[PDB]
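Okay, here's what each chain looks like letter by letter:
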Amino acid sequence: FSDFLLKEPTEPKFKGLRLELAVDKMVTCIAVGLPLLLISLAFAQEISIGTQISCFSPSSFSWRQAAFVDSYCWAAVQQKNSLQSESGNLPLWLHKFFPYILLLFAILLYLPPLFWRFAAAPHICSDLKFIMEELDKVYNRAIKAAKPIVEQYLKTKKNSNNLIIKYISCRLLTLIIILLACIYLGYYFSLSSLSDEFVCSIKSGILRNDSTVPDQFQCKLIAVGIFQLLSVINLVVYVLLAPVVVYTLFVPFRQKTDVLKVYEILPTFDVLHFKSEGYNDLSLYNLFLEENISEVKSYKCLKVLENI
Amino acid sequence: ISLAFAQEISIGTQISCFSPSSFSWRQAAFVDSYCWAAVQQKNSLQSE
Amino acid sequence: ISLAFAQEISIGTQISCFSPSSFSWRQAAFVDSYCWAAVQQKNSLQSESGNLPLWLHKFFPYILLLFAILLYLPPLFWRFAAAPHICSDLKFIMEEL
Amino acid sequence: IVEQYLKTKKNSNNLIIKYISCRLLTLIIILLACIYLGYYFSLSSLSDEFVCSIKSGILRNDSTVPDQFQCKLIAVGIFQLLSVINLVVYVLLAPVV
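Scoring rules and cut-offs
Residues numbered from 1 in each chain as written, not as in the entry; some residues may be left out. Chains lettered and ligands numbered in written order. Part of a larger assembly, values for the part shown. Heavy atoms only, no water. Residues with missing side-chain atoms left out of burial classes, pairs and counts. Helix = DSSP H or I, 4+ residues; strand = E, 2+ residues; numbered from the N terminus. Rg over C-alpha atoms; globule rule 2.2 N^0.38 Å. Pairing = 2+ DSSP bridges. Axes fitted to C-alpha atoms, helices over the stretch in contact; angles between N-to-C directions. Contact = heavy atoms within 4.5 Å. Buried < 20%, exposed > 50% of the residue type's maximum accessible area, 1.4 Å probe, protein only.

As recorded in the PDB header, cryo-EM is the method behind this entry, and the stated resolution is 3.1 Å.

Take a look at the structure:
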């Protein structure tokens, strides 16, 4: 009990706070930023050196007939009419549309943070600002006496489940999308065959019953050997990222019930009630506050007291 | 639309016709341009 | 990497093979594309003692960019994990002095 | 009050281990990049030339394709120079770390 500095009231408070946790923004950062990076690198090298397909046409063909054979056999991996590799026809379908599927997973790994921004941002923002102003004002009356409203609010949030289920649902959606991307990339690398080569035929329309076109063409898909490398490194990153996402589901486990242990030195609080050990909104606030304690200077001023 | 335009301007044209080998390059380009511009009018397309 | 990509897209391709004179233009382009795409699989390359150098020569800029990315994550972790604590403690000790 | 705060920080280890772990991660990534670039320059052979073959699918049992092709990788001689200067810079940077 001595003299300590009082806190002036200021209106521009906290310069905007952390509406997301630390490791969750990092996880969505890496999990959306990796496949877009791989897609951009693949498109740069593909538009630099090479086409997507190349077929071996006879020497008596002109240039435009060889270009027709390339365009026809590129456009005819969809329909299963005559490709002579129907056991691996679905790999031939996947080899054309791999970057579209990778970009689709990159888009679907972005919607749960957008829903968290449009649905859970201003409620947690206003509640954090209110509890911070309440702590800042309840510290100022402590030194004037030396010259419980939060204890009921933390009971109010004890019996409510309206934000923790939203947080858990967003994390579970992110986890199952991660697992589906993992099994898809594992399958696409696990084909791994000589499935880039196939046999195409152009005798379909009035070119049937001809004697100039040679009835068989050997075609090869060029960009498969880069796609398999991209799938390997993306699979390795997502497998190393999955234990973090299963670790951030145990909300009452990775919390410490001493974020307001320092405030019982002030004789008015007697704040000891944090025996939650459960899945209430109090256990979510107990972790959303512990990262955000760097904007109450009363906490820093009280940190010097109990250790001497 | 942006993804389709990127892949279309990357790899491929819109149409390709199979002209005989005795044609030159510009005659094959004429056949491509003509049969691309003639899907509007229904004169002789055999798939009416 | 940027200088190498500028000079590579300026003057040259990545591979060039010597096809016979009776081939047309598109058959020579097929031979180039095929032998560029077939340095991965070890079927018939006749230099299997140095096959891993042939694999590395294609993917050198990817590996160099991967090391450039992995040399960036520890400052990002220091920014997301050790910045505001040291910031507030420095401001407090400065105001105290 | 500062004479007790500097005793408070005297018995805590929560930021120095984070700083040391970030520097050690940076050092081992630097050393792995150094040994990789050293190996890639140390191959240095005539490994840019190789012999390719296209007789794989229905082109097997043919009489027009000439069964052997001499191919050469073009951009190797620039990559070796880039690896040399990157290795020299990282070796001079390791004593600072």
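Notes on the overall build of chain C
Of the regular secondary structure elements, chain C holds 5 helices and 1 strand. Ordering the α and β elements of chain C from the N terminus gives α-β-α-α-α-α. Taking 2.2 N^0.38 as the reference for a compact globule, 97 residues should give roughly 13 Å; the C-alpha atoms of chain C span a radius of gyration of 25 Å, well beyond that estimate. Dimensions along the principal axes, computed over C-alpha positions, put chain C at roughly 85 × 30 × 15 Å.

Here's the deal with the sheet that holds strand β2 (residues 69-73) of chain D
With respect to topology, 3 strands assemble into an open sheet ordered β1(C)-β2(D)-β1(D), the strand pairing being antiparallel. Both outer strands of the open sheet, β1 (15-18) of chain C together with β1 (49-52) of chain D, are each paired with one neighbouring strand and no more. Each neighbouring strand pair of the sheet contributes to a mean axis angle of 30°, computed without reference to strand direction.

What to know about the arrangement of the chains
Between all 4 pairs of chains that are in contact, chains C and D come out with the most contacts. The closest approach of any C-alpha atom in chain B to one in chain C is 14 Å; the two make no contact. Between chain B and chain D there is no contact; the minimum C-alpha to C-alpha separation amounts to 20 Å.

Description of unusual backbone geometry
Of note, the phi angle at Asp270 of chain A is positive, near 50°, even though the residue is not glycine. For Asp270 of chain A, a relative accessible area of 55% corresponds to the exposed category. Unlike most non-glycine residues, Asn61 of chain D shows phi in positive territory, near 55°. Residue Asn61 of chain D is classed as exposed on the basis of its relative accessible area of 77%.

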